[PDB]
Amino acid sequence: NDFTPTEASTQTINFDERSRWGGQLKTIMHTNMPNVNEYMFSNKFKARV
Amino acid sequence: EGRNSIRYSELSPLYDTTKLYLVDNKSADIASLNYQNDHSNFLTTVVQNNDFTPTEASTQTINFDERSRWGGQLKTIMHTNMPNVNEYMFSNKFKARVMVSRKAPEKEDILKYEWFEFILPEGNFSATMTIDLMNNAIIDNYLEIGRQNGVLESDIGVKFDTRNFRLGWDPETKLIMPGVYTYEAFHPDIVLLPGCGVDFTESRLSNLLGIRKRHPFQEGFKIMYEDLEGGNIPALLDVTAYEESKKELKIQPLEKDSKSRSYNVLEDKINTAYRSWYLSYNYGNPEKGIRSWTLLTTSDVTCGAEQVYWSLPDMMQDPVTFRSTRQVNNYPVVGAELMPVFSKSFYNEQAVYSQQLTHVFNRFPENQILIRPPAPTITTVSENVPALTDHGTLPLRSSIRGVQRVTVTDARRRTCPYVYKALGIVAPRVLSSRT
Amino acid sequence: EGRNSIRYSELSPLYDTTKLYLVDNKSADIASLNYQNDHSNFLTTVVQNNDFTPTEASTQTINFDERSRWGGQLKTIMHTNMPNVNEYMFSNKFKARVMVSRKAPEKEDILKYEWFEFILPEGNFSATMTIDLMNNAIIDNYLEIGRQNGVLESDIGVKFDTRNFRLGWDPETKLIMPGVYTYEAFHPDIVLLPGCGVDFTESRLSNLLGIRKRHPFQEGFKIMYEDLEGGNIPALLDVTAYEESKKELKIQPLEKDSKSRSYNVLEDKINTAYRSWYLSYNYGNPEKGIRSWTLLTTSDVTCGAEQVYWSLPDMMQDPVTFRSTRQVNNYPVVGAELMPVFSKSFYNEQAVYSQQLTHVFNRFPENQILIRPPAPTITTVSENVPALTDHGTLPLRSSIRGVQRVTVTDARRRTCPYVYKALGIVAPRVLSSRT
C-alpha cells in the first residue's frame, strides 16, 4: 500500500538463478450451485406423447 | 581502466566522466509531456538528439558500466517570485477579540465581545504598509457592525503601533508633561482595551511584529488584556488650562480630543485603560509579567525563513532510511536549501512630521492614540535572489531512463507554485569497484 | 569494496556515501519530543519514514560498516534576529557618578556625589538614537532626585556629544571668536564636571562609543574628571557687547545663556570647567595624559563581534582534549562561527541645521553645551544576514541512534535565544581501514 496495483504490475519478485525452485500449492474453495440448473444441463428432458 | 565506460544505445562510448542536463523549457516537452503540471513538478528529457520524440526517448537508456560504482555531483540553479503576503504561506490572516453592542440597561453599558478572524490583501509590501492594512482590516469590520450598533470611536479594542508611551514622565506630576506623545518609532507594539485580545495561532505575522515565544514548541500564541499587567498608558497633561494659573498649580489630565472622544481615563488621574506590550515588557514586573514567556526581536519582513527539498527519483539512489514510493507526497530527498528570500534595508529621511488630508490610513488624526503610527527611519523590504548551489555527490542508478521527473517541495511536502526556474546539472564519476 | 556498506535495520543497503538531515520543524517532533526547549537546544529525528513515531525511532540505529573508519563533512545554515541593545549581551547598562544636594553652609555650596547604575530601553537602534537614550537616562534621574533638592540645570555632571570644542580659536584672544561652537559631528566624546565619572565595567557600549583600552586584558574601564588633564573646553566670546566698541576692544567671555544658566567659567576668562575626552586625547600631553592608556577607534553599532559553537554529541566523536559529558554547560565543539551580524552604512544629507519645538531629546536648546548633539552624515545600523558555512570533515561514531541533540552556544556557554533557524546536513565518507 505504497503502490497502486497498476504500479505493482511492473514490479517483480526474483528467485535466485543458479537454483531451480518449486512451489507447494494449497487451495480453499467454497461453492453455491443448485441441484437443478441450465448450466449443468439438469433441467430438461424429452418425451414422445 | 576497462570498468569506466558510458554507453548510449547506438553511439560511440565515452569514458570516465560526462554531464547530464535537466532543463525545463524544451519545446517538444512543453507540447507533449507537460500539459497539466508546473515548473516545480515537471518532466524532462535527458536525450538531446532531435531524431527522436520524447515518447520514443522514454524507452531509451543510458548505461553506466557495471563492475563499478558511480556517483554524481549535483549543482542547481533556482529563481523565485513569491510575495511577502499570501495565503499559501499563511501570512494574510490573524484573529482578534473585539467589542460589539454597547447598549444601556433596561449596570452601566453592558457590552458583548467576540472573535472574527480577519483577512487582508495579497502582495509584496514593506513592514509599514502591512501595519496599516492590519489596522484597516479592523476599522472595516467596525464600520460593518459596531457603527450601526452603539459602539463609539473611542472604544475600538485593538491597535498596532510603533511608539513608546513613557517619554516625558516627570515622577512628581505622574503625567506626560508636553501634553502629547512622542512621534518616534522604536519597535512595533500591540495596544488593547479590556475584554479584547489577539491570536496568531495558524499565522505568521508575529515574526514581522518582532514578538516571539520563549517556548516555541508548545501549542500556539494568544495575548489577552489580563496578561499585560504593568502596561497601562499614562495620561496626558491639560496644557490648555495650565497657563491660566501660570502667567497655584493646575494639573489635571485631558478627557477629550476636541471631538467628544474619551481617552478612557480611570477613576484616578494618573493613567488610562489602554495597555501595551512594550511597556509591560520593559517597565513591568519581569517575574510576574509577560516578559516571563515572551521575547523581543527584530522585525523580519520575510515572515520567516523556510527550507526546500529537491527530488530526482529516477536518477539517484534513495538515501538511508527513505522508503521507495511513487507518491508526490513523499519522494526521497537529494538536497536541502533555503528559500531564496532576503531582506534589504534603506534609509528614510522624511524631514517632515504630522503632514496634516483625510487619508484612508489616518481616519482619526486628532487623537494621539488612534493617529497613524510614525514610520521607522530604516525601511525594510523582501527580495528574491537567484540561488547557485552545490549539493555534493550522491550514488547513481546503474541504468538511467531518458525521461526524468524533477520535484521541489516545501517543509510540509507541498509543491511551491512560486518557482519559475529550475535547472540541474549532474556530473558522474567512478567511486568504487564491485569486483 | 566490501568495507563500505550503510545498513538500516530492515531496508536495502546503500554503499559509500549518503546524506543525513537535521531539521527543526517536523510536526511529530514538535508535538512529542520538543515541548520545553527552543531552536538552539533542540531534539530531532534522523529517520524519515512515517511508519514510526519518534519514540519508536529512538530505538532504531544506522550502522556504518566496521572494518572502515568514516568521516562526515558538515554544512550549516543559520539565521538570527537579535537586537542591538538588550540585557542578554550586557548592552543596556552603564554606571556614572553624579552630583546631588547643592545646599549652602550653616564653605561655598557643599556638594554630595554618588554612583547610580543606569538602565535604558531595549530594541535595535542606530548609533545616534543610542546616545540620546543615554542622555535621557541621566536627565530622568536628575528630575527624580536633583530637581527636588538644590541642584541646578547648569551643573549636571555627564554628557555624551560628537563635537570638537576647539574650532575657531585665535591664539591671541584665546577664546572662540564666533561666539558659538561648531555644529558638526566628528567622533563621539564624553564631557564631565568635577567630582563625576563614568564606568563601563560589565558593559559593552564603550565599543559603540569608539573608546577602547590599550591593555584590554586587565580589570575594567573607568574614567574620572582627574584623568582628563588638558581637555578643558574654551569659553565663548561676548559678541553681544562687542560691536559697541566696534562701530578700543571688548573681549570678555559669556556667563549665561539668556536663561540664568552659568557656563562654569573659571577665575580666569579663557576656559571653562567642563573637560572632554577628545580634546585631552588630541591636544593634551601625550605622555602624561589619557592618550597613554586609551585608544580612539571607529564606532561599532553591533556592540562587539562574538563567536558561537556548534555541538552534535550523538553523531560525532569528541575532538582532542574534550571530555565526554552530558551537561549542556560544556558539550564538545564541532564547529565555530561568528554571529551573523553586520553593520550597514547610509548617507544622511539633512541640508538643515538647528531646526528650532520642545522635543524631548532637546530639553536645553539655548545652551551650546547641553544642546542636542549633531548627527553624523554617515548613519550606521546593524542587520542580520543568513550564514552558510562549511565546517570540514570530522570523525563519526560507528552506530547512530535515530534521535539526535543539536546545540548552539555562545562564548560563555549559554544558549542564545535569538536563533530561530538551524539546519544541518552531514555527508559521510570512508576515511581509512581498521584491518
Side-chain angles (χ1 to χ4, degrees), chain B residues 74-76 78 300 302 304-310 319 333-342 385 387-394 411, chain C residues 17-26 29 34 37-46 48 70-82 305-319 322 328 331-342 384-397 400 403-411 413-429:
Chain B
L74 179 64
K75 292 181 182 178
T76 59
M78 187 174 72
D300 190 359
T302 63
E306 294 296 329
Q307 71 277 20
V308 294
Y309 296 111
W310 292 88
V333 175
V334 296
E337 186 172 1
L338 186 64
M339 288 300 287
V341 181
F342 294 97
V385 177
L388 299 172
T389 306
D390 186 359
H391 295 283
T393 183
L394 287 80
Chain C
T17 186
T18 57
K19 287 186 178 171
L20 297 171
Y21 295 99
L22 296 171
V23 299
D24 58 356
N25 60 358
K26 291 173 72 175
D29 295 332
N34 292 316
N37 55 11
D38 59 356
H39 295 284
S40 67
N41 193 4
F42 64 92
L43 189 62
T44 185
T45 60
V46 176
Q48 292 87 19
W70 293 85
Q73 190 281 127
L74 179 64
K75 292 181 182 178
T76 59
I77 301 167
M78 187 174 72
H79 197 185
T80 59
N81 51 1
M82 68 92 210
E306 294 296 329
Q307 71 277 20
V308 294
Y309 296 111
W310 292 88
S311 295
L312 297 173
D314 285 326
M315 185 182 285
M316 296 292 173
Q317 294 178 1
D318 306 326
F322 292 93
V328 64
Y331 285 161
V333 175
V334 296
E337 186 172 1
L338 186 64
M339 288 300 287
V341 182
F342 294 97
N384 289 309
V385 177
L388 299 173
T389 306
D390 186 359
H391 295 283
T393 183
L394 287 80
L396 293 175
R397 294 179 184 274
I400 302 299
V403 176
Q404 297 286 320
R405 176 69 68 193
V406 178
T407 304
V408 177
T409 57
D410 293 330
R413 298 290 186 177
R414 297 176 62 232
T415 59
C416 188
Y418 294 110
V419 177
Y420 67 101
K421 297 295 290 184
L423 282 71
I425 298 167
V426 179
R429 64 181 176 88

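The chains referred to below are lettered A, B, ... by the order of the sequence lines, with proteins before strands, and numbering in each begins at 1. No hydrogens, no waters, no symmetry mates; every other heavy atom, side chains included, goes into these values.
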Separation between CE (C:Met78) and OG1 (C:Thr389), nearest 0.5 Å, reads 7.0 Å
CH2 (C:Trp70) and CD (C:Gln317) are apart, to the nearest 0.5 Å, by 14.0 Å
Smallest heavy-atom separation, C:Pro428 atom then C:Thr18 atom, equals CD-O, 3.4 Å
When every non-hydrogen atom of C:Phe322 is compared with those of C:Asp318, the smallest separation belongs to O-CB, 4.3 Å
Output for pair (C:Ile425 CD1, C:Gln73 CD), nearest 0.5 Å, gives 9.0 Å
Check your understanding: Would you find a donor on one side and an acceptor on the other, under 3.5 Å apart, between the side chain of C:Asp314 and the backbone of C:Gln404?
Key -> no
May I ask you to decide if C:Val403's main-chain N or O and C:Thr45's side chain share a donor-acceptor pair within less than 3.5 Å? no
Compare all side-chain heavy atoms of C:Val419 with those of C:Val308 and state whether any distance is below 4.5 angstrom. no
### Query
Any side-chain heavy atom of B:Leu74 sitting closer than 4.5 Å to one from B:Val334?
yes
Checklist entry - Do C:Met315 and C:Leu394 have side-chain heavy atoms sitting under 4.5 Å apart? => result no
Rounded to the nearest 0.5 Å, the NZ atom of C:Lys75 sits from the NZ atom of C:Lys19 at a distance of 7.5 Å
Notebook entry, point to check: How about C:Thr407 and C:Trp310: do any of their side-chain heavy atoms sit closer than 4.5 Å?
Noted result: no
Notebook entry, point to check: Between C:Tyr418 and C:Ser40, is any pair of side-chain heavy atoms under 4.5 Å apart?
Noted result: no
query: Step by step, would you call C:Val406 with C:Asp24 a side chain to side chain contact (heavy atoms under 4.5 Å, CB included)?
result: CA-CA 9 Å; C:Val406 178; C:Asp24 58 356; over 6 Å; no
Compare all side-chain heavy atoms of C:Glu337 with those of C:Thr76 and state whether any distance is below 4.5 angstrom.
-> yes
**Request:** Return yes if some donor-acceptor pair links the side-chain N/O of C:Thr44 with the main-chain N/O of C:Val23 below 3.5 Å, else return no.
**Result:** yes
Please check: side-chain N/O of C:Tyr21 versus main-chain N/O of B:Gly335, any donor-acceptor pairing under 3.5 Å? yes
Nearest heavy-atom contact between C:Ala336 and C:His391 is O-CE1, 4.1 Å
Smallest heavy-atom separation, C:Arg405 atom then C:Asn41 atom, equals NH1-O, 2.9 Å
> So, C:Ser311 side chain and C:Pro332 main chain: donor-acceptor pair closer than 3.5 Å or not?
Replying inline: yes
Of all heavy-atom pairs linking C:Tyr420 and B:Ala305, the shortest is CE1-N, 4.3 Å
Of all heavy-atom pairs linking C:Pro319 and C:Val333, the shortest is CG-O, 3.4 Å
In this structure, CG of C:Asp390 is separated from OG1 of C:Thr393 (nearest 0.5 Å) by 9.5 Å
Between the CG atom in B:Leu338 and the CG atom in C:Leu388, the distance rounded to the nearest 0.5 Å is 7.5 Å
query = For the side chain of C:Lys421 and the backbone of B:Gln307, is there at least one donor-acceptor N/O pair under 3.5 Å apart?
reply = no
